[PDB]
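Participant: Please find one structure pasted underneath; my questions will follow.
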Amino acid sequence: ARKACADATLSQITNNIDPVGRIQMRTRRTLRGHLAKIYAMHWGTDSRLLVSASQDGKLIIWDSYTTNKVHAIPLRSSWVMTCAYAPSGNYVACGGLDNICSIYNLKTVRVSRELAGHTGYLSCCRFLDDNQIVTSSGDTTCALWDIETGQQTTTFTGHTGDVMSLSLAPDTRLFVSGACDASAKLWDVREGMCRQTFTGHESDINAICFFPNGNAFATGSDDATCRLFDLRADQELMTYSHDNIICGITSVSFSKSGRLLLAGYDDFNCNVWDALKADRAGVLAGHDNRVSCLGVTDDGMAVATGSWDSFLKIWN
Amino acid sequence: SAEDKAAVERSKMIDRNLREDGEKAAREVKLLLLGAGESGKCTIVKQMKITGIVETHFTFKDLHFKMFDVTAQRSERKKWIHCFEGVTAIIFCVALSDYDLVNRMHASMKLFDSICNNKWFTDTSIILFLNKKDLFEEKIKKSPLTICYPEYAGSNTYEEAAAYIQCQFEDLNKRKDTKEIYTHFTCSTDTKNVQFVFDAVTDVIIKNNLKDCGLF
Amino acid sequence: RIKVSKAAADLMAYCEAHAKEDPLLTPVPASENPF
Amino acid sequence: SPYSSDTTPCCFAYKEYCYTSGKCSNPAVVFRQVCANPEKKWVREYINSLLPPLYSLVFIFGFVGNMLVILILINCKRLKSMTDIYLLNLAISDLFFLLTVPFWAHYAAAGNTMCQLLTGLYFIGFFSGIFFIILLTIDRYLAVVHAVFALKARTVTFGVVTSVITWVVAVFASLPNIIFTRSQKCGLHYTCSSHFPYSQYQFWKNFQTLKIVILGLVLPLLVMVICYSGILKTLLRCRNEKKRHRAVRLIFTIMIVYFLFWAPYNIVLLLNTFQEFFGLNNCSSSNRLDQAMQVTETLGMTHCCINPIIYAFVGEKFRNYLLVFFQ
């Protein structure tokens, strides 16, 4: 039983540690050039190139340090909701309502190939490696794809409602996804079997991310609360809820250390939550529209957070 | 700064293309088509002008129209209906004959009420079409309208029935002055159907023009 | 499945040693910061 | 006409060297005042050989109203719409119309090229504001009655080209006053008066008066009535009871305000330039006419101050941007 091993909580252990407190967060630079709402983004390992997708039919690659466009990719469909940047920096994933994960090779920009086979709307894409890719579609089931063969290799199912996002482990061996049925399932990449399911939410989950160490992971639901789940205990580790917030969450990510949790809510800004003491450590404001995408650099230098105002801001 | 100058110079060339390509989206109008009982997104794409979503491009009277048939998408609407906000108009197609089959009109009114009173679809108009006009004529003589609706106005004639189906649709529209909706009965003529589309679309552009010019 | 306290102690032990390398938790000097 | 410093005594019936202003008929060189002859005179050629609180607050009201509409576009609209650069350039034009009176007070109670550039700035600001009002009315007409043609034709680059041509033609219309002007202080205080070459003083003064009155009243009112008749003919089928009633009321209000705020100026000019109605009077028709000039010009300044209001703040979508900007 999961409740049998729940002798204590994380807050009662983390309380002894020194609280983080307020963090001085200022918009160092903003990214201008898009003409439509931005829904997803991905950070590279080198933290130099940035990818963004907007409803204007253009998926342009950003340069984070110099704030300019290095590549422009005219998308076939304007209605895109997901985009991914491969760690090798050669291919860039892109989805949308076509149920197709189009892949564009930056190193030539030219279109590599488009990957069809899904029935529900594509919602999330992630590059496991240079040749393998996992996608999230609206057919209440995830799938694993290959750029070389262009076919669906492994299909991960089990959810009742459609899945909206997934995140990859640091070793690219495990991945978790959330759905509307308030379920977060853990699938093995090589085996393809659902190890365990992390339920407990009371609304639709939209955001999910892995801890840097990989033992835990957090989820973002629509009932203005974040729940942390660890693979070791197979239960809800801690909750991040406030009576002030009533709006849903769209993006949740982690820093290098994992002390603070960056969760993008629907109150036209972002909040910073301490992942140990459950204490707010700052509010990331400045966006005049709803925020839907957020990501942290792998080296921890900065954090790009784009909203529906077609602008992405950098916080250090 | 030879490498730095080339990056800003190439980015300026990119910004030039986005401003020119972005201006193309301003002239072109976007139309959303959706139906609850599969009645929508039909009998409007077979015109002479003409994978997840069906997109059709055509120009009528120097105006480019864009339609998006959301049919294969069987997932929840609240997760992707926010992407279609800001469009020029929404073409809702409902069948007059879809009232006795299983209840179909009640499902169509529920979906129409969901998108009409949605928080995102409040600034964009909704064009409502009445499909199956030919089949609705002989259906009322045998199958009464009282099955779908308890009150059929007592006339049971097509003149009052077509008006009752039309007038009852505004009851689901909670916002009258805030958002405007259209209603037209589709005809066998293909160019006559798009004639109302052009007249309705060119009116919403006027609605957006006065809001931009400050008159509204 | 192990004790939740042992997993919770492991999570905080990971970030406590990694707290020094976090530019978000500890501000990096402006010159070393590429932004 | 640029400011109260333009008013100077004129030799109505006919030792220091000074020139009279261009607001009085039958000019003559002032010399006590001899006033022998403006030309064809050997003696004249030989000598030539060798409320104030209310005025400032409405300016401060117009300045805060102009820069507010300027900053709100770059902050919120970012000049993506074509009509945005028209209202933005109108506010800059209204700035040149209002930022002249602070320099007028500093000029007095204390040179020539500075007067000529100041009066040129005032005149080009007025002309550019009038032309931008005309262009905004034309844009509204093309957007209402030619919505498809507006979508297929209205581009930011075309608006920029039209604004540049408008600025150029305003400068061209103002250059006659630029070349035909001089400081002519001729006193302890600094005074700033327009002076015509007097070779064709009657015909050239009548030409300048006709030009200014036409471009102030006949072209803007005609463009406005045509554009608004088209807008009303297209809007009577709006199918909205409240939105249609407010727009026609706003259109009528804009027209009547433009009239009551700009027409009296042109009327006073047509009266004081022709001088056929009352020209025998020396000061009775001079002090009253100077006061009337001051009143009409402060009314025009008030109209320039309320132009951003009636052009932006009346819209519901525009008011939502300020509330988000104020935050």
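Residues are referred to by chain and number: the chain letter is A, B, ... according to the order shown in the structure tokens, the number counts from 1 in that chain, and ligands are numbered separately from 1 in the order shown.
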Using only C-alpha atoms, I'd like a table of the residues in chain D that come within 10 Å of chain A; for each, show the closest atom pair and its distance in Å rounded to one decimal, ordered by chain and ascending number, as CSV.
Facilitator:
```
residue,atom,partner,partner_atom,distance
D:76,CA,A:288,CA,8.9
D:80,CA,A:35,CA,9.5
D:321,CA,A:288,CA,9.8
D:324,CA,A:288,CA,7.5
D:325,CA,A:288,CA,9.0
```
Participant: Those residues you just picked out, can you put them in a file as a short mmCIF file (atom, residue, chain, number, x, y, z; two decimals), in the first residue's frame with N, CA, C and O atoms?
Facilitator:
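Contents of selection-v7.cif, freshly written:
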```cif
data_model
loop_
_atom_site.label_atom_id
_atom_site.label_comp_id
_atom_site.auth_asym_id
_atom_site.auth_seq_id
_atom_site.Cartn_x
_atom_site.Cartn_y
_atom_site.Cartn_z
N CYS D 76 1.80 48.88 -26.86
CA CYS D 76 0.73 47.92 -27.03
C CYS D 76 0.49 47.56 -28.49
O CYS D 76 0.54 46.38 -28.85
N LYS D 80 1.53 47.83 -35.88
CA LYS D 80 1.26 46.77 -36.85
C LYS D 80 0.10 47.14 -37.76
O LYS D 80 0.10 46.78 -38.95
N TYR D 321 -6.19 49.14 -23.72
CA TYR D 321 -4.73 49.12 -23.76
C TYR D 321 -4.13 50.02 -22.69
O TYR D 321 -3.08 49.70 -22.11
N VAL D 324 -4.28 48.28 -19.24
CA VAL D 324 -3.21 47.29 -19.12
C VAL D 324 -1.86 47.99 -19.02
O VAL D 324 -0.95 47.52 -18.33
N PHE D 325 -1.71 49.13 -19.71
CA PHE D 325 -0.46 49.88 -19.64
C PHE D 325 -0.29 50.53 -18.27
O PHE D 325 0.82 50.58 -17.73
#
```
Participant: Under the rule of at most 10 Å, produce a per-residue listing of chain A near chain C: chain, number, name, the closest pair of atoms, and the distance in Å, as CSV, using only C-alpha atoms.
Facilitator:
```
residue,atom,partner,partner_atom,distance
A:1,CA,C:1,CA,9.2
A:2,CA,C:1,CA,8.2
A:3,CA,C:4,CA,9.7
A:4,CA,C:3,CA,9.0
A:5,CA,C:3,CA,5.3
A:6,CA,C:4,CA,5.7
A:7,CA,C:4,CA,7.0
A:8,CA,C:5,CA,6.0
A:9,CA,C:5,CA,6.9
A:10,CA,C:8,CA,5.6
A:11,CA,C:8,CA,9.1
A:12,CA,C:5,CA,9.8
A:13,CA,C:9,CA,7.4
A:14,CA,C:12,CA,7.2
A:17,CA,C:12,CA,9.1
A:20,CA,C:25,CA,7.8
A:21,CA,C:25,CA,10.0
A:23,CA,C:25,CA,7.7
A:24,CA,C:27,CA,8.7
A:25,CA,C:24,CA,8.9
A:28,CA,C:35,CA,6.8
A:29,CA,C:35,CA,7.9
A:64,CA,C:35,CA,8.6
A:65,CA,C:35,CA,6.4
A:66,CA,C:35,CA,8.7
A:211,CA,C:11,CA,9.2
A:212,CA,C:14,CA,9.1
A:213,CA,C:14,CA,7.3
A:214,CA,C:11,CA,9.7
A:215,CA,C:11,CA,7.8
A:216,CA,C:11,CA,7.8
A:230,CA,C:7,CA,7.6
A:231,CA,C:1,CA,8.3
A:232,CA,C:1,CA,5.8
A:233,CA,C:4,CA,5.2
A:234,CA,C:1,CA,6.6
A:235,CA,C:4,CA,8.5
A:236,CA,C:4,CA,9.6
A:237,CA,C:8,CA,7.7
A:238,CA,C:8,CA,9.8
A:255,CA,C:24,CA,7.1
A:256,CA,C:22,CA,5.7
A:257,CA,C:15,CA,4.8
A:258,CA,C:15,CA,6.0
A:259,CA,C:15,CA,6.4
A:260,CA,C:25,CA,7.6
A:275,CA,C:12,CA,9.4
A:276,CA,C:12,CA,7.3
A:281,CA,C:25,CA,9.9
A:296,CA,C:24,CA,9.8
A:299,CA,C:23,CA,8.7
A:300,CA,C:23,CA,5.9
A:301,CA,C:23,CA,6.1
A:302,CA,C:24,CA,7.6
A:303,CA,C:24,CA,8.8
A:314,CA,C:35,CA,8.6
A:315,CA,C:24,CA,8.8
A:316,CA,C:24,CA,6.3
```
Participant: Include C-alpha atoms and write out the residues we just selected as a PDB file, in the first residue's frame.
Facilitator:
```pdb
ATOM      1  CA  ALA A   1       0.000   0.000   0.000  1.00  0.00           C
ATOM      2  CA  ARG A   2       1.201   3.506  -0.842  1.00  0.00           C
ATOM      3  CA  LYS A   3      -0.362   5.048   2.273  1.00  0.00           C
ATOM      4  CA  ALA A   4       1.345   2.465   4.505  1.00  0.00           C
ATOM      5  CA  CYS A   5       4.840   3.743   3.671  1.00  0.00           C
ATOM      6  CA  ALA A   6       3.721   7.393   4.006  1.00  0.00           C
ATOM      7  CA  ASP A   7       5.018   7.835   7.539  1.00  0.00           C
ATOM      8  CA  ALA A   8       6.188  11.439   7.068  1.00  0.00           C
ATOM      9  CA  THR A   9       6.155  14.289   4.549  1.00  0.00           C
ATOM     10  CA  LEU A  10       8.817  16.226   2.665  1.00  0.00           C
ATOM     11  CA  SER A  11       7.872  19.566   4.235  1.00  0.00           C
ATOM     12  CA  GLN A  12       8.498  18.322   7.782  1.00  0.00           C
ATOM     13  CA  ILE A  13      11.987  17.230   6.713  1.00  0.00           C
ATOM     14  CA  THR A  14      12.794  20.237   4.518  1.00  0.00           C
ATOM     15  CA  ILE A  17      16.734  23.756   5.813  1.00  0.00           C
ATOM     16  CA  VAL A  20      15.162  30.515  -0.098  1.00  0.00           C
ATOM     17  CA  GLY A  21      13.159  33.718   0.279  1.00  0.00           C
ATOM     18  CA  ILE A  23      14.642  36.076  -5.541  1.00  0.00           C
ATOM     19  CA  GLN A  24      15.556  39.160  -7.581  1.00  0.00           C
ATOM     20  CA  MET A  25      14.166  38.276 -11.019  1.00  0.00           C
ATOM     21  CA  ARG A  28      17.121  41.002 -19.000  1.00  0.00           C
ATOM     22  CA  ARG A  29      15.910  40.790 -22.610  1.00  0.00           C
ATOM     23  CA  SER A  64      19.411  33.548 -26.910  1.00  0.00           C
ATOM     24  CA  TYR A  65      22.641  35.496 -26.392  1.00  0.00           C
ATOM     25  CA  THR A  66      22.318  38.009 -29.247  1.00  0.00           C
ATOM     26  CA  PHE A 211      13.738  16.438 -11.663  1.00  0.00           C
ATOM     27  CA  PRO A 212      17.424  16.810 -12.632  1.00  0.00           C
ATOM     28  CA  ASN A 213      18.316  13.719 -10.589  1.00  0.00           C
ATOM     29  CA  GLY A 214      15.461  11.772 -12.196  1.00  0.00           C
ATOM     30  CA  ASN A 215      14.013  10.167  -9.061  1.00  0.00           C
ATOM     31  CA  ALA A 216      11.136  12.664  -8.829  1.00  0.00           C
ATOM     32  CA  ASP A 230       8.796  10.523  -6.880  1.00  0.00           C
ATOM     33  CA  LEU A 231       9.429   7.161  -8.531  1.00  0.00           C
ATOM     34  CA  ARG A 232      10.897   5.735  -5.316  1.00  0.00           C
ATOM     35  CA  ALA A 233       7.777   6.113  -3.154  1.00  0.00           C
ATOM     36  CA  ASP A 234       5.223   5.780  -5.997  1.00  0.00           C
ATOM     37  CA  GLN A 235       2.957   8.450  -4.507  1.00  0.00           C
ATOM     38  CA  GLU A 236       2.417  12.198  -4.202  1.00  0.00           C
ATOM     39  CA  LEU A 237       5.491  13.697  -2.546  1.00  0.00           C
ATOM     40  CA  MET A 238       4.231  17.236  -1.876  1.00  0.00           C
ATOM     41  CA  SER A 255      16.232  24.495 -12.466  1.00  0.00           C
ATOM     42  CA  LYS A 256      19.629  22.813 -12.138  1.00  0.00           C
ATOM     43  CA  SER A 257      19.491  22.302  -8.369  1.00  0.00           C
ATOM     44  CA  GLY A 258      15.718  21.859  -8.230  1.00  0.00           C
ATOM     45  CA  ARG A 259      15.183  24.115  -5.212  1.00  0.00           C
ATOM     46  CA  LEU A 260      12.739  26.372  -7.084  1.00  0.00           C
ATOM     47  CA  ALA A 275      10.278  22.662  -4.325  1.00  0.00           C
ATOM     48  CA  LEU A 276      11.293  21.958  -0.698  1.00  0.00           C
ATOM     49  CA  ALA A 281      10.148  32.640  -4.112  1.00  0.00           C
ATOM     50  CA  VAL A 296      15.082  26.226 -18.225  1.00  0.00           C
ATOM     51  CA  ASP A 299      23.427  24.912 -17.810  1.00  0.00           C
ATOM     52  CA  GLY A 300      21.027  26.989 -15.696  1.00  0.00           C
ATOM     53  CA  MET A 301      22.165  30.324 -17.143  1.00  0.00           C
ATOM     54  CA  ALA A 302      18.702  31.720 -17.909  1.00  0.00           C
ATOM     55  CA  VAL A 303      15.032  30.818 -18.338  1.00  0.00           C
ATOM     56  CA  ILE A 314      14.826  35.956 -20.361  1.00  0.00           C
ATOM     57  CA  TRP A 315      15.279  35.773 -16.580  1.00  0.00           C
ATOM     58  CA  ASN A 316      18.621  35.204 -14.859  1.00  0.00           C
TER      59      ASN A 316
END
```
Participant: Residue 72 of chain A: which residues within 7 Å, counting only C-alpha atoms, same-chain residues fewer than 4 positions away excluded, as a PyMOL selection string?
Facilitator: (chain A and resi 58-61) or (chain B and resi 14)
Participant: Restricting it to C-alpha atoms, dump the selection as a CSV table (one decimal), in the first residue's frame.
Facilitator:
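As a result, result23.csv now contains:
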```
chain,number,residue,atom,x,y,z
A,58,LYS,CA,6.5,30.3,-38.9
A,59,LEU,CA,8.8,28.3,-36.7
A,60,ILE,CA,11.9,30.5,-36.4
A,61,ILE,CA,15.1,29.5,-34.4
B,14,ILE,CA,14.4,37.2,-41.9
```
Participant: Using only C-alpha atoms, which residue out of B:167, B:48, B:93, B:63 lies closest to chain D?
Facilitator: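 With only C-alpha atoms as the atom set, the closest residue is B:63.
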Participant: If DSSP is run on the backbone, what residues of segment 36-110 of chain D are helix (DSSP H, G or I)? A reply as a PyMOL selection string would be ideal.
Facilitator: chain D and resi 42-49+52-77+82-98+101-107
